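S.K.: quick one, fold the following:
(chains A, B and C, ligands or ions: 4)
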Amino acid sequence: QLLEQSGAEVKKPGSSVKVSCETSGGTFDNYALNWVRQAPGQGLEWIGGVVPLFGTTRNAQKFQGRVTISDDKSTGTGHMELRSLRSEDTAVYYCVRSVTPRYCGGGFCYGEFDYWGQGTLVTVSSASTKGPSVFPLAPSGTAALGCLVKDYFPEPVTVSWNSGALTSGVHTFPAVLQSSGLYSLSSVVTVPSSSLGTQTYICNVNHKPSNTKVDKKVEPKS
Amino acid sequence: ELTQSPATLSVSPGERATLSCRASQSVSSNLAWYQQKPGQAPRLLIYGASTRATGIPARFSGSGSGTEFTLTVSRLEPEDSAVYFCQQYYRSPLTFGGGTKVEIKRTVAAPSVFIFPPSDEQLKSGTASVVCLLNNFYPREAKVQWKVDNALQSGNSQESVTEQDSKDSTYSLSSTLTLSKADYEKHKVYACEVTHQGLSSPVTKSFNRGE
Amino acid sequence: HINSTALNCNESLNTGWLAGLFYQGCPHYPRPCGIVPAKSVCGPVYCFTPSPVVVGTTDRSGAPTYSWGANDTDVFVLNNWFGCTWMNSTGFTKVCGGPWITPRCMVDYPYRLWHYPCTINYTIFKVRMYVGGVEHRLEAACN
Ligand SMILES: *[C@@H]1O[C@H](CO)[C@@H](O[C@@H]2O[C@H](CO)[C@@H](O)[C@H](O)[C@H]2NC(C)=O)[C@H](O)[C@H]1NC(C)=O
Ligand SMILES: *[C@@H]1O[C@H](CO)[C@@H](O)[C@H](O)[C@H]1NC(C)=O
Ligand SMILES: *[C@@H]1O[C@H](CO)[C@@H](O)[C@H](O)[C@H]1NC(C)=O
Ligand SMILES: *[C@@H]1O[C@H](CO)[C@@H](O)[C@H](O)[C@H]1NC(C)=O
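M.R.: Residues are numbered from 1 along each chain as shown, chains lettered A, B, ... in the order given. Ligands and ions are numbered 1, 2, ... in the order given. Below you will find the coordinate block:
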């Protein structure tokens, strides 16, 4: 079973965000939808959850009054709305669904978390959103080449190579925060030297917060 | 509230890894273990303190009850490089342990080193990024020194290091030297010097501005 | 009405049985129905008039209560229908007076499959039967 979450988001402090949780195939048997977040460098924190059959909810105290978690039993799509966003709310938010309940106590039920969404990064910031500039790292029996993805905000960007046909040997580095307050990263790949100038290499850079999609061709210099 | 100590572990392939979760108050057997591989969502390994979740290899085994819990990974492999979190569902609010990050040891591997000059396009816009790549090395400790016309640089570079690779248990590292276009054009030789355990002597990769 | 459902459930020994609250191995006379403390009950309580009827938590005066059977004051007043059935806190089906109208037919109701899992493969039929002097229409589940 696969949970698919809506894409990354950036929000001004005080605003609201709604994250969705869709099931790949049809809906399946589950009794609870919960949400769990993870600060960028830190661990896991439970936000709250809902048991739709009984219509009950539990929230952790940090979110009391500003979170609404719901589940559409007809579509299999769940939601977390988080209100009154503060910068401390920047985090990857995870959808989780539970299948077999282990104990109940009025009128909510609890157990292990069977299925996790892939996660949604939510950045809360007063700073301006900025899409990246993409530059080639040109190759000089194994050669390296890459793309430099400079001066964007906020996280995240994703990089694929040749529209996903090239995955072996790819390293997309963690972004670094520059002194300017903008992020930068590189993505590199090692390829046979005998492919240089014959095989086309394109890095596909996606920055959802600025709805930017860039394809950059990487070839040896003249 | 759940305590995982130590917060990190470094263990050799084929050997056994033992992870600890301590609850501050009884949670009976309502405890789960999750695995979070780099860049992925956590996946459920163990529930009810000792029951393997469906599709989990048998070398993952949990035990304990009350306040003392143990996750055991028998015969470690490279794919097990990950953060492992415990979690209790005995009482509300649900809580997670802080995690233990397991690194899988491997033989020493020297970095393969590549240097990349700034692109003409970027340089035209007034800034030069010079990138030095250290590819597929172990252990994680490595030193990169930038030299511009033999002058050692300081304060004008940033590094980033991948998470451990789940297949070959190596790291890669990028160091980026950032200059204004004007400073970049005042010099000719750009070199990064790499010191690493797997290298008998430091490797230097370089280029001359304009070939 | 919904939170007049007692929801004190603890999988404990038998594992998995609590899933039947949400979705889908095989004889002494029961005791008469009395006043059942809600703290021992997991899920809806059904009585049979012989048609199925849900009984919600009350206090001991019969005043409805709305705390999911979490309080000591929460009870089910079952003394009056012909019998009642429910799941207790650790997954055991309880009966007082199951709701068999025939040696092979049982009254059908939303939690029959949870309370009587050995009737999973019974067939549902619209039936009519004489209880006392009163004809009743209901759905029954038969071998
Ligand atoms: C739920 O029902 C079961 C079955 O009657 C109860 O288990 C019995 O408990 C008594 C008291 O300890 C024992 O003497 C019996 O041997 C038990 N029977 C079985 C089959 O285990 C159980 O206690 C009930 N749970 C609640 C919360 O009332
Ligand atoms: C649920 O409980 C609250 C308070 O406990 C009560 O006010 C409300 O009416 C109940 N809801 C239903 C649908 O009975
Ligand atoms: C449920 O039963 C277990 C043993 O089966 C016990 O340890 C626990 O205290 C009970 N109550 C819960 C989990 O709320
Ligand atoms: C149990 O009852 C008390 C008062 O009778 C009430 O304050 C409390 O909220 C009830 N428990 C729950 C879980 O609602």
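
S.K.: please make it C-alpha for all contacts and neighbour counts, starting now.
M.R.: Will do.

S.K.: quick one: the closest residue to residue B:77 other than its chain neighbours from residue B:107, how far?
M.R.: The shortest distance from residue B:77 to any non-neighbouring residue, by C-alpha to C-alpha, 6 or more residues apart in numbering or on different chains, is to residue B:13 (5.2 Å). Distance of residue B:13 to residue B:107, computed by C-alpha to C-alpha, to the nearest Å: 10 Å.

S.K.: what do you get for residue B:133?
M.R.: Following C-alpha to C-alpha, the distance that separates residue B:133 from residue B:107 is 20 Å.

S.K.: settle it for me: which of those two has more neighbours?
M.R.: residue B:133 (27 against 12; other C-alpha atoms under 10 Å in any protein chain shown).

S.K.: got a list of what the more buried one touches?
M.R.: B:112, B:113, B:114, B:115, B:172, B:173, B:174, B:175 (C-alpha atoms under 8 Å, 6 or more residues apart in numbering or on different chains).

S.K.: chain B contacts on chain C?
M.R.: With the criterion set to C-alpha under 8 Å from any C-alpha of the partner chain, chain C never comes near chain B.

S.K.: and the gap between residue A:79 and residue A:91?
M.R.: From residue A:79 to residue A:91 the distance is 16 Å (C-alpha to C-alpha).

S.K.: cool, and residue C:57?
M.R.: Taking C-alpha to C-alpha, one finds residue C:57 at 42 Å from residue A:91.

S.K.: repeat for residue A:207
M.R.: When residue A:207 is compared with residue A:91 (using C-alpha to C-alpha), they lie 17 Å apart.

S.K.: what's the neighbour count on the nearest residue to residue A:177 once chain neighbours are set aside?
M.R.: Leaving aside its chain neighbours, residue A:177 sits nearest to residue A:183 (4.6 Å; criterion: C-alpha to C-alpha, 6+ apart). Residues near residue A:183, counting by other C-alpha under 10 Å, number 22.

S.K.: residue contacts, the residue of chain C most remote from its centre?
M.R.: Here the centre of chain C is the reference, and by C-alpha atoms, centre = their mean the most remote residue is residue C:133, at 24.8 Å. Contact partners of residue C:133, counting by C-alpha under 8 Å, 6+ apart, are absent.

S.K.: residue 96: neighbouring residues, count only.
M.R.: Reading this off chain A. The burial count for residue A:96: 22, using other C-alpha under 10 Å.

S.K.: right idea, wrong chain: chain C
M.R.: 19.

S.K.: give the bridge partners for it, please.
M.R.: residue C:84 (DSSP bridges).

S.K.: name the residues of chain C found near chain A, please.
M.R.: Selection of chain C residues close to chain A by C-alpha under 8 Å from any C-alpha yields C:2-3, C:6-11, C:15-16, C:18-19, C:22-23, C:67-70.

S.K.: apply 7 Å and report the result again.
M.R.: C:7-11, C:16, C:18-19, C:22, C:67-70 (C-alpha under 7 Å from any C-alpha of the partner chain).

S.K.: what residues does chain B have near ligand 3?
M.R.: B:28, B:90 (C-alpha under 6 Å from any ligand atom).

S.K.: find the centremost residue of chain B, please.
M.R.: Centre-nearest of chain B using C-alpha atoms, centre = their mean is residue B:163, 2.7 Å out.

S.K.: go ahead and confirm that residue touches residue B:171.
M.R.: Yes: using C-alpha atoms under 7 Å, residue B:163 is in contact with residue B:171, at 6.4 Å.

S.K.: give the burial count for residue 145, as a bare number.
M.R.: Chain wasn't specified; assuming chain A. 24.

S.K.: oops, chain B please
M.R.: 17.

S.K.: assign it to helix, strand or coil.
M.R.: strand (DSSP: H, G, I helix; E, B strand; the rest coil).

S.K.: which residues does it contact?
M.R.: Contact analysis of residue B:145 by C-alpha atoms under 7 Å, 6 or more residues apart in numbering or on different chains lists B:192, B:193, B:194.

S.K.: secondary structure element for the last one?
M.R.: Assigned by DSSP states H and E, residue B:194 belongs to strand B:189-195.

S.K.: who's in contact with residue 3?
M.R.: Defaulting to chain A. Contacts of residue A:3 (C-alpha under 7 Å, 6+ apart): A:21, A:22, A:23, A:24, A:116, A:117, A:118.

S.K.: that was the other one, I meant chain C.
M.R.: Contacts of residue C:3 by C-alpha under 7 Å, 6+ apart are C:66, C:67, C:68.

S.K.: just to be sure, it is in a helix?
M.R.: Yes: under three-state DSSP, residue C:3 sits within a helix.

S.K.: the residue in chain A positioned nearest to ligand 4 - nearest residue in space that isn't next to it in sequence?
M.R.: Going by C-alpha to the nearest ligand atom, ligand 4 is nearest to residue A:106 of chain A, at 6.1 Å. Among residues not flanking residue A:106 along the chain, residue C:68 sits closest, at 4.8 Å (C-alpha to C-alpha, 6+ apart).

S.K.: my guess is that neighbour meets residue A:107, correct?
M.R.: Yes: Residue C:68 lies in contact with residue A:107 (C-alpha under 7 Å); the separation is 5.5 Å.

S.K.: which residues are common contacts for the two?
M.R.: Common neighbours of residue C:68 and residue A:107 (C-alpha under 7 Å, 6+ apart) are residue C:7.

S.K.: hang on, the earlier thing: thinking the residue of chain A closest to ligand 4 is in contact with residue C:71, fair?
M.R.: No: under the criterion of C-alpha under 7 Å, residue A:106 is not in contact with residue C:71, lying 9.5 Å apart.
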